[PDB]
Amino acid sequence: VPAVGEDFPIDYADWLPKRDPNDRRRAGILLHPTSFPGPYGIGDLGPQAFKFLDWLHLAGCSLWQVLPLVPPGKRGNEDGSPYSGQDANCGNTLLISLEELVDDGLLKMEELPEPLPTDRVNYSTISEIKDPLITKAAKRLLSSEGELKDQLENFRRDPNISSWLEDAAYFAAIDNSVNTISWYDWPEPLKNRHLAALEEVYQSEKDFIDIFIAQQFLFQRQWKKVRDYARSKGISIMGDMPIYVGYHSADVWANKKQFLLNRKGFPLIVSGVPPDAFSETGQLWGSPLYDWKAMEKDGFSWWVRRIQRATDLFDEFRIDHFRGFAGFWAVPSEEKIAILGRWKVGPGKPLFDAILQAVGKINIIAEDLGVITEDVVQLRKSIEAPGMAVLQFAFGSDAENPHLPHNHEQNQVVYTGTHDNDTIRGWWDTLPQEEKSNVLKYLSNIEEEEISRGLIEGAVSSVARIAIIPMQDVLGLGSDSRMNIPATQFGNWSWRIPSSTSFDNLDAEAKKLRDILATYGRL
């Protein structure tokens, strides 16, 4: 601008305040693809994914949130959990659409199963049905000689892809052959990745490894098609990643020095959270912990690659237990409970500086629920990452509760509830009378019969730049439709949109959402 007191240009009054596109108000729906309806026992990246995206577009939503897309562990009672993944980078092959594979010529229609029970994902039977079909398709692709073969080759050879995929495939092949509970007990040449032993693995387990890679290509291609379609409809996809990875994975076995392990590869300390006046005992998660000191020395290369893959899949993503980047609870690996442990200093902002330098700008959402400390808030603010507000947590304390709308801020993501909460209707049904009174009063004395509308509107009308509603709440569903109960080992991650509900029959629901998005400037 000119010197103080001097003339501005004649057109000064046209220099109107700028609206940063990153600040655009948006609304989204939380719906994990396993929850899509259809005849094959689990939702997939096929015809229903596109019907869903059409419905989202009709509803005026510009975001779709999913849970992690990784292959869930099947080795306990974590049945189907997106948060107990077998690998940090691979896609869940159960999400691969049998119909799209028929379109590709990799499966024959006659090979597809007769329609399976539709109400709920049965994680105990679904792999036995779908795995052989995905394998058949992968084998057909491997023996083919056209455009898809060429694409498979480009995929396998891509330096970003190969940085995790080769290790993931060899890990799975060895796991299949050796079949111990963990790699800690593998024969030393395989445990310690002797060059000759790995060469021998590819010779003896060639087919397994080739098929594993082909399956990951099939996932990649289907996911890309979905993401491209979403983008065509003005819809971004928000993913999710746990801060930690599991011990028995290629992530650890192929990158041992990234983790705090002893000389025999056993974790020295493991993840958890301490007691916070709850049942005397805290929570023992048991994941290996990162050697953040070692990581800083190479510019956080392992974390950079993890982020690269996340951006290959998602437009933006939440990191669970974001507080772990500021401070993390460490339990000696011998302990059977979380009581005995210490808080350790996390990597802080330098991790995010290195990510920025390597990968560029990313919308990372900080999961910041529960008791968090001041350093966590300062870290989050320092990288301009939005935290969370969850309306189902807002009404049981006092007016300073950060989840209450009058306490929201613009750079934040507001939910009615997440996959960890009951549905609005389910939550209401078990809510104590005193809290019910408080909710109704807060929401301008609305009727109990309109609680769902009240909470949905409370989210949409918030100043928070992103509002997310679970699909269950759009559908008016109760506790039988809850995705996860955090205390538990069974019945989780299995909810599906009922067979009788189809996206083409949800025009009324889309209009109802679109109208409030219009009113509250999210359209």
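One-based numbering along the sequence shown.
- Annotation: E449 does not belong to the positions left without coordinates in a third of the other compared entries; each one with flanking residues models it.
- Compared with the other entries of this protein, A277 is frequently left unbuilt, missing from a third or more of those that build its neighbours.
- Legend: mean Cα B-factor per stretch from the PDB entry, 28-36 versus 468-476; the higher mean is in 468-476.
- Legend: mean Cα B-factor per stretch from the PDB entry, 64-72 versus 483-491; the higher mean is in 483-491.
- You'll see in the entry that, of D298, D291, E409, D228, the Cα B factor peaks at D298.
- Remark: of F219, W164, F278, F314, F278 shows the highest value [criterion: C-alpha B-factor in the PDB entry].
- The entry lists a Cα temperature factor for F395 that places it in the middle third of the chain's modelled residues.
- The deposited CA B-factor of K256 belongs to the lowest third of values across its chain.
- In the deposited entry, the Cα temperature factor of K344 places it in the highest third of its chain's modelled residues.
- Sorting the modelled residues of the chain by their CA temperature factor places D103 in the middle third.
- Ranked by C-alpha B-factor against the other modelled residues of its chain, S182 falls in the lowest third.
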